[PDB]
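Student: Everything below, folded, please.
(one chain, ligands or ions: 4)
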Amino acid sequence: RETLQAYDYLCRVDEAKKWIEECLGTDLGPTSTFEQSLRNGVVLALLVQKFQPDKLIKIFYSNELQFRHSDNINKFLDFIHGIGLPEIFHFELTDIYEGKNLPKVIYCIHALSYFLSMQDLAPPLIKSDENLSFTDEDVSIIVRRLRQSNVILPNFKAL
Ligand SMILES: [Hg+2]
Ligand SMILES: [Hg+2]
Ligand SMILES: [Hg+2]
Ligand SMILES: [Hg+2]
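Tutor: Numbering: from 1, shown residues only. Ligands and ions are numbered 1, 2, ... in the order given. Take a look at the structure below.
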């Protein structure tokens, strides 16, 4: 069933969101729109900054003029490649910039969080509460997205 699959994925997104919220110490909006909110690269770039306090990272989020998403996105990619993590754990610019594989981005955040907490450089990702749920609207939206793509959801369990 697509609904059950949608339910599963929404919990993974919620877990990734909560982990970064805890890391950035800030509120990051609804889970149903979290993936889309990552496309401009700001949040991921802030994650980098946090782990590289000795480096100044120019992050762009101007509301007066359009900024280059890839600039913030490449900051995150350089970081996950720079710490030597396997390519299988990452995502590509297109996946997030064009939103062609947002779940991969979420999987990437899960992977990163595991490696980092494992090296205890950060608190661990936390499995969603068992009673954690979402509105049918949010779930149906996920189902529609799955019906519009050929994307296959990543293997979170194996993490
Ligand atoms: Hg779930
Ligand atoms: Hg965290
Ligand atoms: Hg933008
Ligand atoms: Hg990653």
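
Student: how about the helices in this structure?
Tutor: For the chain, the helices defined by DSSP state H cover 2-24, 34-38, 42-51, 69-82, 93-97, 102-118, 136-148.

Student: Tell me which of the ones you listed sits nearest to ligand 1.
Tutor: helix 2-24 (3.3 Å; C-beta to the ion). (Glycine included, C-beta is placed from N, CA and C.)

Student: For the helices of the chain, could you give me JSON lines that also reports mean neighbour count and distance to ligand 2?
Tutor: Formatted as JSON lines, the helices of the chain follow (neighbours: other C-beta atoms under 10 Å; distance: least, C-beta to the ion, whole Å):
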{"stretch": "helix 2-24", "mean neighbour count": "18", "distance to ligand 2": "3"}
{"stretch": "helix 34-38", "mean neighbour count": "18", "distance to ligand 2": "15"}
{"stretch": "helix 42-51", "mean neighbour count": "20", "distance to ligand 2": "9"}
{"stretch": "helix 69-82", "mean neighbour count": "18", "distance to ligand 2": "15"}
{"stretch": "helix 93-97", "mean neighbour count": "17", "distance to ligand 2": "20"}
{"stretch": "helix 102-118", "mean neighbour count": "21", "distance to ligand 2": "7"}
{"stretch": "helix 136-148", "mean neighbour count": "14", "distance to ligand 2": "23"}
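
Student: Residue 93 is in contact with residue 72, isn't it?
Tutor: No: here residue 93 does not reach residue 72: they are 11.0 Å apart, not a contact under C-beta atoms under 8 Å.

Student: and residue 154, what are its phi and psi?
Tutor: Note on residue 154: its backbone torsions stand at phi -70, psi 170 [degrees, to the nearest 10].

Student: so who does it touch?
Tutor: 103-104, 106-107 (C-beta atoms under 8 Å, 6 or more residues apart in numbering).

Student: residues from this protein in reach of ligand 1?
Tutor: With C-beta under 5 Å from the ion as the criterion, the chain meets ligand 1 at residues 7, 11.

Student: Quick test: name the residue nearest the centre of the chain.
Tutor: Nearest to the mean C-alpha position of the chain, by C-alpha atoms, centre = their mean, lies residue 106 at 3.7 Å.

Student: Many thanks, I have nothing further to ask.
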